[PDB]
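First up is the structure itself, then whatever we jot down about it.
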Amino acid sequence: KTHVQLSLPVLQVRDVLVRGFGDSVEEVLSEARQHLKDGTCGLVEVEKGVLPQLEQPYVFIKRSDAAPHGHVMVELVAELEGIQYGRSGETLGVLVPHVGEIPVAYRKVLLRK
Ligand SMILES: Cc1cc2ccccc2cc1O
């Protein structure tokens, strides 16, 4: 299937133990997809002061369309030193590894793989 319904744990940036997916745009998009597939991916909602507390390159989920079954359709866009790889809609948040941190909510998405 081109898309997958996921419920992502929403984490507070100060709880996150592993603050990115790796060291290159291609690596972080790769790792993000593997963590999504394995159910070990979290979401941090972007506010003032969040991104400087996480590691570049960043992996964003962005709204890909204007919401089947409660799930917003999203796709992955990476960012390194102010350059984005992909073009999409509004940021829903930044993806990070999940290693058992307690979430504040769950965000239902329909993810383009
Ligand atoms: C991102 C992503 C998620 C998946 C979930 C279930 C099965 C396959 C998947 C492949 C993917 O690239």
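In listed order, ligands and their atoms are each counted from 1. In what follows, residues are counted from 1 in the order of the sequence shown. Computed over heavy atoms, backbone and side chain alike; hydrogens, waters and symmetry mates excluded.
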- Note: heavy atom closest to atom 8 (C) of ligand 1, options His3, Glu75, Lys37, belongs to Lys37

- Query: Heavy-atom distance to atom 2 (C) of ligand 1: which of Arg33, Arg112, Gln34, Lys1 wins?
  - Reply: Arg33

- Query: If you measure from each non-hydrogen atom of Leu6 to ligand 1, which part falls under 4.0 Å: side chain, backbone, both or neither?
  - Reply: neither

- With a cut-off of 4.0 Å, which atoms of ligand 1 are near a heavy atom of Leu36? 1 (C)

- Message: With heavy-atom distances below 4.5 Å as the criterion, would you say the side chains of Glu45 and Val50 are in contact?
- Response: no

- Strictly by modelled atom types, are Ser7 and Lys108 linked by a side-chain donor-acceptor pair under 3.5 Å? no

- Item | Protein contact to atom 10 (C) of ligand 1 [nearest heavy atom, distance to 0.1 Å] | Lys113 CD, 3.7 Å

- Counting from 1, what ligand 1 atoms have a heavy atom of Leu111 closer than 4.0 Å? 1 (C)

- Would you sort out whether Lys113 and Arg33 count as a side chain to side chain contact (heavy atoms under 4.5 Å, CB included), showing the intermediate values? CA-CA 7 Å; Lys113 297 167 173 174; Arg33 293 186 164 100; 5.7 Å; no

- Message: Can you tell me how far apart CD (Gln5) and NE2 (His71) are? Round to the nearest 0.5 Å.
- Response: 4.0 Å

- Message: Applying the side chain to side chain donor-acceptor pair (under 3.5 Å) criterion to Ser88, which one of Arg112, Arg63, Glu75 satisfies it?
- Response: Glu75

